[PDB]
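J.: pasting the sequence and an experimental structure:
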Amino acid sequence: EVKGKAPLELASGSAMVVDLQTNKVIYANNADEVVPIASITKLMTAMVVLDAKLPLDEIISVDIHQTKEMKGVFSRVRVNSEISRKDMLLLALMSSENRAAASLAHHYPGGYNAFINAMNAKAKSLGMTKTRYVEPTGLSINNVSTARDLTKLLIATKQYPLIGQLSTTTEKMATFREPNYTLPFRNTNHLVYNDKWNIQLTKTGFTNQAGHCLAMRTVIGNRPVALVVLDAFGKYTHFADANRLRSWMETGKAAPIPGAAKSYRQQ
């Protein structure tokens, strides 16, 4: 086992992997490039809700009128219908449900604008100096961060067990009222159904401008790690990069990335 690990090369534009028991960087590539993070915004939305210590069992209404980016966006979640704050957090984290994420910011002491301000105040308190939030869903391309800043956010999520628990929920039959209707929801990360993965927290995002993004807390062997991959050009490049990091940390062997991925990065 003296051989050692061969050079690791991911296909994603930016990436960072950190040991959560020492906060030491395992891998870093262009980790300071500002990029749109889309639905990874919902991790901050959940943190802001949990910091307010609002009752999770409270039944709240679907309200999205202050989120301009939600205008005209399709959702199976009906406006004015109601479900627990905990269920709205679950839908936002497991399924990236945009109306659920927006509704959480419309049921916050101090109002919607205060919620957005609290998102930015939390980023500042965590040293996320290149991060900016303008709305709670991630639909805005102006929700930006870096692989390093999202690593700081993943480290902070350790202090909020419910974020990781709801984000790794495999499926959920959600029951709403006003009026009554039930919706089936599944996790956006197929890796949660793979028994070869040990995931504590997972969140994905996608924009046409930067492509696929993935932030996860996972146990690889006997090492809890934070994994952030951003600007993944190819459709499953983010999941493939996670599998590359995992297989590499287990065997020390790295898989050569495809030409199309190699091209995008080199450009």
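T.: Structure received. Numbering: from 1, shown residues only.
J.: all contacts plus neighbour counts: C-alpha atoms, from now on.
T.: Will do.
J.: need the strands for the stretch 151-267 of the chain, in chain order.
T.: 171-176, 181-186, 199-207, 211-220, 223-232 (DSSP state E, counting those that start in this stretch).
J.: looking at those strands, which is nearest to residue 95?
T.: The minimum distance between residue 95 and the strands of the stretch 151-267 of the chain falls on strand 181-186, with 6.0 Å, by C-alpha to C-alpha.
J.: same list, the strands of the stretch 151-267 of the chain, but as a markdown table with distance to residue 142 and mean neighbour count please.
T.: Formatted as a markdown table, the strands of the stretch 151-267 of the chain follow (distance: least, C-alpha to C-alpha, whole Å; neighbours: other C-alpha atoms under 10 Å):
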| stretch | distance to residue 142 | mean neighbour count |
| --- | --- | --- |
| strand 171-176 | 30 | 15 |
| strand 181-186 | 27 | 13 |
| strand 199-207 | 11 | 24 |
| strand 211-220 | 14 | 24 |
| strand 223-232 | 15 | 26 |
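J.: out of those strands, which comes closest to residue 32?
T.: strand 223-232 (10.9 Å).
J.: angle of the closest one against strand 211-220?
T.: Between the axes of strand 223-232 and strand 211-220, defined by axes from the mean of the first three to the mean of the last three C-alpha atoms, to 10 degrees, the angle is 170 degrees.
J.: what's the closest of the strands of the stretch 151-267 of the chain to residue 93?
T.: strand 199-207 (6.9 Å).
J.: show me what the closest one is packed up against.
T.: Applying 3 or more C-alpha pairs under 8 Å, 6 or more residues apart in numbering; DSSP states H and E, one finds that strand 199-207 contacts helix 161-167, strand 211-220.
J.: okay but residue 224 is in contact with residue 24, surely?
T.: No: in this structure residue 224 lies outside contact range of residue 24 using C-alpha atoms under 8 Å: 11.6 Å.
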